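Heads up: the structure comes next, in structure tokens.
We call the chains A, B, C, D and E, going by the order they appear; numbering starts again at 1 in every chain.
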Amino acid sequence: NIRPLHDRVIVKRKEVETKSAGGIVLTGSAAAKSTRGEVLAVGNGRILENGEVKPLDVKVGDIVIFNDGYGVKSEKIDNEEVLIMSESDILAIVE
Amino acid sequence: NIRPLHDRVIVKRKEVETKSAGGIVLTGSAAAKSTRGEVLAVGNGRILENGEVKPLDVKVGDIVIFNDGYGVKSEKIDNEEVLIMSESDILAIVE
Amino acid sequence: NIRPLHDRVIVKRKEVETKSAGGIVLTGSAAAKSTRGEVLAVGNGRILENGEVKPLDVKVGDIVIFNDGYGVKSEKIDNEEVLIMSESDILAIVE
Amino acid sequence: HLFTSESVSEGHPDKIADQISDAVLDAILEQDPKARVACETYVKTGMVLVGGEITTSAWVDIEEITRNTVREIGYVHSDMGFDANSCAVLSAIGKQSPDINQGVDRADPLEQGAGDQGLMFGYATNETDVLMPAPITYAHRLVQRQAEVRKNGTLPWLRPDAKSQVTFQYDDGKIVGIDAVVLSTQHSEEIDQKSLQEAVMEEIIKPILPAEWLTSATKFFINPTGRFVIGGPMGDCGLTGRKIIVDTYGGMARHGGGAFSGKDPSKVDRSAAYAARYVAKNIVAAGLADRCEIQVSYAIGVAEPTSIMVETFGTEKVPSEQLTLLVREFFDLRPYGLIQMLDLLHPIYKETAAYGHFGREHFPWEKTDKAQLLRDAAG
Amino acid sequence: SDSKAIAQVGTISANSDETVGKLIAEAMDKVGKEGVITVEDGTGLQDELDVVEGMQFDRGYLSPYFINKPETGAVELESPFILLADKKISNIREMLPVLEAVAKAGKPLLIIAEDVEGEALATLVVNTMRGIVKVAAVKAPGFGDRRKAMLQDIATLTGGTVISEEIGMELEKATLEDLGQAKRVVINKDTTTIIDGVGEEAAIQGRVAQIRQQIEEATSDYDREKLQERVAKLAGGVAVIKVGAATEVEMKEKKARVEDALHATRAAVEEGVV
């Protein structure tokens, strides 16, 4: 069990797709890294200059769109890679 | 349905026009990417320093003028290219 | 017609004069790009930290002196180039 | 008249040896501004030998330079019998000299004496834009084109070994056409003979030689015996300094025979020839003559040059006395004076090792900045 | 005009050798009047004649996984498409629309490009193996301006349009109107043959007339031979005569005699006999 601190969020990204708008199958460098995932646990909240905590807008079990970068760190837990990132890396909520 | 977080808006840029003040057709480097588009979904609002939320100044259906850059992110939704970018990255509203 | 958002104004630069301080007609790179223009519309106003609006000092129809740089963006409207710029790039007002 | 010039590619063992010697010279010069270098290289099947006399205050290991240099040509496989990493390089260089403290004292650098006795020559003609004899120039360009295509990857089955022969005819002392073009190159065994000549003539022969100089009588020869797969150091002995005639002018100009590669600028056997070409190119670019040569003579242990002679083949627009007067009072033919004004003490001898020491605009000795001044003076 | 006179001329022109005269007459009758006959040294002990119908170029399949008929070691495509490209290929992103469109139909497709890198080869071969779309890839034959000329020739004969980057045409916007058609295509390790293209005739006559008039201004007989071969390839047939001799010296002698007979028969057909 992992509990994120402050406004950070731990997610797992979906597997890369094989079919692309039809029967065309992409292998190797043709299929890029997935740019979507599901959130497993959510942080307590962001620390304000006042000192209060603002709860994060994302909730457990949702689907988010995020941009990979220097802020997103990849950690391997239970022989499974998960992504730890701040809320600012999350762009939108799917459905 | 895709809804952004905080002060982000999703846009779909207009098609690249070939005709330019006449029947002449521009190809290659003559015509560049468009810089106008319409918003599809609007974020809830920016988060203030104290903790309040401010509604955005863009309504759904308006045509916006923006500048493509590092902050603008391109994502494929429903096999359609849309741009996820902040509210501060748009310049003006047409009409 | 367009209207800017927040702390932005739209200006149009006047034509550069050829005969400078006499009959000497200047051609080529000597006739530098004009650094003065007239505002076409005024933005709503900058958003303060608390969320209030500060009305812009520049009024529509005035003449402004600015500096050309990276922050100034050009847009082709009605086949007539204009400049999209923030109030921070406005140096002074003529008369 | 019918004259033929022959050029060779960078994959040949002698050209490999020449490249190694100049690569070491640039490395030594970069570390030591005022070093003394006189080196030679020998290459054979799987064994590489280096020797000579190099006196310098710095130390350089030759192994990493040799592997880097050989890899540049493309010897990265064992199919041709020579591989960069699998080969072995031994050093037979005396890094120290007894005369390092006895002669350290100097009186005046501007009055340095020549260390060798002999006479050197220059040459320049307006037949080509690069002010060089045409048959040798186009022979170098052909093998240069082959290497560029080979490096580009469009022709991956080509091998570094290549040789070209170009024949030119002259009518009333002017070029009127191209007679015969020969390009001998090594290729891989996968491609058959018939497809081989088609690629080389249409992508190397065609876009290099001028089209307006090619007539219906031109004959193209490719792979005379029919199979040039065998090549590399296995098929021929390798040593340094055996085709100086090919590097300098191709035989159109009388040469002293002094070896160029592996020699420091201090020795006049190399630098003084560079100055003669620089003077000859300068004096012909001004339009004072159609062709000109500079004969500079030096004596061992003698500072002032013994004699300077200029010959023009009767094409001079001014008397030869004026031509001799200008070069004396406008060019510093001092053995150290020409060093300073040609600023050769820079690591620039790697590219000069292959494809001819002369005929490239970027070389310091190939500049024509002094042509305008001489035209005004003689006019 | 008759084949008997042509055979007699060929026999007389080859030191009274009836076999070579008869062979040349038969080859000329088979190929016709607008065609190319050439002589190369063979390997057997007796002369043989080989004739090629249609057009073919010396370019084979890129990968050995495209062959659906291992018995002959060659791949056969029935009523396929033809895609023509001059640009180098290293990514598949530019062919998603065309491949999905032709997979929506089922009948095969052929790619003629100057070169395709392994990244696109991987997806092409995996798609062919998984049984979704049947495609084949062959390099563009020749090099230089001749390569584009013969690409245009193939485009004209197959009833399609070439896709060139320098003319401001991109492969992403290509559709079925830019793809040609053919009755059958046979590709082996070294040759690719297009059988019974569906191009328009008047374009064929225009192209052959253009190349024929371009022949005249050529100053080297090598260029004349190449353009005549192009004319024969686009319209007509091409035949090769493989002379056979035990020893190289006899090989050269027989080759010279056959070439002389060929020239004499050509001249006799052109002007007449006395």
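Here is the rule we go by: contacts are C-beta pairs under 8 Å (C-beta built on N, C-alpha and C of every residue); 3 or more make two chains touch, one makes a residue touch a chain.
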| item | value |
| --- | --- |
| Cα superposition angle of chain B on its copy chain C, in degrees to the nearest 5 | 50 |
| Comparison of D-E and A-E by number of C-beta pairs in contact, larger one | A-E |
| Centroid spacing, where centroids are CA-atom means, of chain A and chain C in whole angstrom | 43 |
| Chain C-chain E separation of Cα centroids, rounded to whole Å | 65 |
| Centroid distance [mean C-alpha coordinates] between chain E and chain A, Å | 56 |
| Category of the chain touch graph - line, ring, star, complete, other | line |
| Pairs of chains found to touch, sorted by chain label | A-B, A-E, B-C, D-E |
| Chain B partner contacts - residues on chain C that touch it in the complex | 1-6, 8, 10, 44, 47, 49-51, 73, 75, 79, 84 |
| Residue numbers on chain A that touch chain E, as the complex places them | 20-30 |
| Chain A residues within the chain B interface of the complex | 21, 35, 48-50, 52, 54, 57-58, 65, 67, 87, 90-95 |
| Chain A-facing residues of chain E, complex | 91-92, 96, 99-100, 103-104, 119, 122-123, 126-127, 130, 132-133 |
| Touching residues (chain side chain E, partner chain D) in the complex | 58, 143-144, 146, 219-221 |
